[PDB]
Structure formats: structure tokens, C-alpha cells
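Counting from 1, the numbers follow the sequence of the chain as shown. First listed ligand is number 1; within each ligand, the first listed atom is number 1. Basis for what follows: all heavy atoms, side chains included, without hydrogens, waters or symmetry-related copies.
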Amino acid sequence: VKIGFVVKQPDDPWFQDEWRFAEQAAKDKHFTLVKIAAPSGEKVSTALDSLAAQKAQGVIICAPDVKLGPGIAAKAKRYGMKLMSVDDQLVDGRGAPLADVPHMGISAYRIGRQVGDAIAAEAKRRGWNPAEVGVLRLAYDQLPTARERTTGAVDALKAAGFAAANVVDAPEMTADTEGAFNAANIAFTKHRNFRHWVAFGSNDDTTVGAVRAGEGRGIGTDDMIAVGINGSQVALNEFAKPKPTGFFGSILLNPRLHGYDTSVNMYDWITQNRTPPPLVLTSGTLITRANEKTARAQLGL
Ligand SMILES: OC[C@H]1O[C@@H](O)[C@H](O)[C@@H](O)[C@H]1O
């Protein structure tokens with residue numbers, strides 16, 4: 001048995017974490033894992049070709065463009081590979097999810113609410129007037145899970161007294177630190193009126209981009225509360241800095257579920273024809289400098 005695990009962004013430690021747990025599944029269940037990075041449609045196509053050359057019987061993929069769904073499905077079928085998605089759900093030409101592809105991702109809207117609640121609570125601890133705070137929304141709205149994460153955060157912040165008029169959309173060219181850094185700088189330039197800011201994106205990587213941009217403009221840790229999603233090494237790098245940064249916290253996700261449980265679901269689908277769960281939406285909890293080590297250890301991460 002051989003299973004492919006194809007990821008859009010190998011330089012995001014979340015996917016490295018999925019891979020590490022998928023490797024644990026491989027050793028445990030006695031299958032061979034083939035790890036492939038595919039940050040573009042061209043590289044997805046070659047990844048699936050490689051997996052077929054190696055006689056893999058299944059592939060789990062977080063595609064770089066969810067609209068590649070139909071092509072991915074057609075090739076996997078041609079090559080006799082069962083197909084499962086992780087993180088980013090594959091969709092058809094009208095943006096409807098592929099009904100025959102089992103998926104595991106996060107409960108994105110609820111996770112976003114947690115981001116906004118975390119931010120609101122820290123702002124309150126600092127005595128900030130929420131009605132006067134700039135709300136930097138790093139946006140990559142073309143991807144549903146990203147849109148839902150930021151919508152939840154905004155909704156939680158408005159529920160806590162942050163002003164709709166102070167929500168500054170910062171649309172990203174790419175959903176990565178570079179994209180966020182550039183989008184944040186554009187937003188800060190237009191909104192020099194705010195003294196205090198909060199920021200968030202789709203993940204730790206994007207969030208940190210805004211924190212770095214703020215630092216370059218004299219918006220440091222006292223004037224910035226930013227909370228990410230993943231709780232992997234980008235969050236941990238901020239938490240380990242000798243001087244705390246404006247990256248205040250992150251919603252810790254569980255890459256054992258996304259890496260180990262998906263791989264087992266695939267294994268059992270291949271070997272026993274067990275119907276995979278069609279949709280699993282996972283949960284998270286807030287980590288900050290104060291609890292990150294404990295929280296991660298209590299998940300075995
Ligand atoms: O499912 C969680 C993952 O979702 C992806 O869209 C994102 O790129 C990852 O960094 C991680 O947040």
C-alpha cells in the first residue's frame with residue numbers, strides 16, 4: 001500500500017506537521033507515504049503522474065487552487081487512486097464542493113469567532129476603547145475557508161463593540177506572509193488615523209505578515225493585537241522571541257487529525273473499502289505565550 005500526501009505550501013509548517021503525522025500513520029498501519037509539494041496546478045498534475053508511476057492506491061491533497069477539483073478527480077480515477085482532500089475543499093466550476101471527495105478541514109467560521117474573541121479579550125485587558133480601534137482584515141476571499149475564518153473574526157469583534165466603520169479590508173495577492181505584508185502596508189498607509197490596531201488573517205503566516213508590516217511603520221506590540229490560526233511553528237517563533245511582538249496568540253489546530261486520521265481513513269478505504277467520513281470539521285483552542293507549551297503537549301504535539 002502506497003498513499004500520496006500532496007500539499008500546496010511546504011514552507012508553511014502546518015503542512016510539515018500534517019506530513020509528520022501522516023508518517024506516523026505509515027509506520028503504524030504499514031503503508032508507504034509519498035510526500036509531494038505542489039504549489040501550482042502544473043505541479044499538482046506532475047505529482048499525480050509521479051504517484052501513478054510509483055503505483056500509489058490513494059492520494060490526500062490540499063490543492064493550491066480548489067477549482068482544480070474536477071481535473072484532479074479525473075486523473076486519480078484514471079490512475080486507480082482513491083482521492084481525499086484536506087484543509088481546502090475541492091470545488092466544481094460553480095464553486096460547489098465535490099460531493100464524492102471525502103474532506104477534512106477546520107470549522108472555519110467558529111475558529112474565526114475564537115480569533116475575534118481572543119483579540120477582544122486582550123484589548124479589554126489593556127483598557128482599549130474598542131470603538132476607536134483599527135481592524136485589519138487580511139483577506140483572501142476567493143477561498144471559502146479563508147473567507148469564513150476572517151468573517152468569523154470580524155463578527156466576533158463587532159459583537160464586542162469594535163466598529164464596522166473601522167474594519168479595513170486588506171486583500172492579498174497570495175495567501176502567504178509576502179502577500180499579507182504587502183496588503184497590510186497598503187492599508188496602514190491609507191489609515192494613519194488609528195493609534196491602536198488589531199489584525200488577523202487566514203493563518204499564522206498571513207497574520208505575521210501584518211505584524212511585520214506594522215513594525216516597519218511604528219505600530220509595535222503595545223499598539224497591535226494580532227491572533228493567527230494553526231498554532232504551529234510560525235506562532236511558536238513569535239512566542240519564543242525575547243521581546244514579545246504584536247503576534248499575541250493563535251488558534252491551535254490539531255495536525256494529528258489532518259495528517260494521521262486522514263491517512264488512516266484513506267488506508268482503510270483502500271484495504272477494506274470502508275466508506276470514509278465525507279466531511280469532518282475540526283476544532284481549535286487559543287494559545288498565547290502563557291499556555292502554548294502545555295496546550296500543545298496535552299494534544300501530544
Ligand atoms: O486547515 C487548516 C489549514 O488551512 C489551509 O488553508 C491553510 O493554508 C493552512 O495554513 C491551515 O490553516
Practice prompt. Return yes if a side-chain donor-acceptor contact under 3.5 Å exists between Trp14 and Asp87, otherwise no.
Written response: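 Short answer, yes.
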Practice prompt. In plain terms, say whether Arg212 and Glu215 are close enough for a salt bridge, that is, a side-chain N and a carboxylate O under 4.0 Å apart.
Written response: yes
Discussion item. Quick test: of every protein heavy atom, which one is nearest to atom 2 (C) of ligand 1, and how far off is it to 0.1 Å?
Written reply: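 Checking every protein heavy atom, the shortest distance to atom 2 (C) of ligand 1 gives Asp87 OD1, 3.4 Å.
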Practice prompt. Considering heavy atoms of the protein only, find what lies nearest to atom 10 (O) of ligand 1 and give residue, atom and distance to 0.1 Å.
Written response: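 Checking every protein heavy atom, the shortest distance to atom 10 (O) of ligand 1 gives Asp12 OD2, 2.6 Å.
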Practice prompt. Count the heavy atoms of every other residue, nucleotide or ligand shown that sit under 6.0 Å from CD of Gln54, and state whether that count exceeds 12.
Written response: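 It does: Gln54 CD has more than 12 such atoms within range.
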Worksheet item: Under 4.0 Å from any heavy atom of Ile106, which atoms of ligand 1 are there?
Response: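 Counting atoms of ligand 1 from 1, those under 4.0 Å from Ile106 are 1 (O), 2 (C).
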Fill in: Proximity winner for atom 11 (C) of ligand 1, if only heavy atoms of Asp88, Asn230, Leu253 are counted
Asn230
Worksheet item: With clusters built from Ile, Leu, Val, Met, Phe, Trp and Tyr whose side-chain heavy atoms come within less than 4.5 Å, directly or transitively, what are the remaining members of the cluster of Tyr109, listed by chain and number?
Response: none
Worksheet item: So which residues get pulled into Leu143's cluster when ILVMFWY side chains under 4.5 Å apart are joined, directly or through others?
Response: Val66, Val91, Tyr140
Item to complete: Say whether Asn203, considering both its backbone and side-chain N or O atoms, lies within less than 3.5 Å of an N or O atom on ligand 1.
Response: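 There is such a contact, yes.
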Discussion item. Less than 4.0 Å is my threshold; does some heavy atom of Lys8 fall inside it relative to ligand 1?
Written reply: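 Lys8: in contact with ligand 1 (<4.0 Å).
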Practice prompt. Check if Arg149 has a non-hydrogen atom at a distance under 4.0 Å from any atom of ligand 1.
Written response: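 True for this residue.
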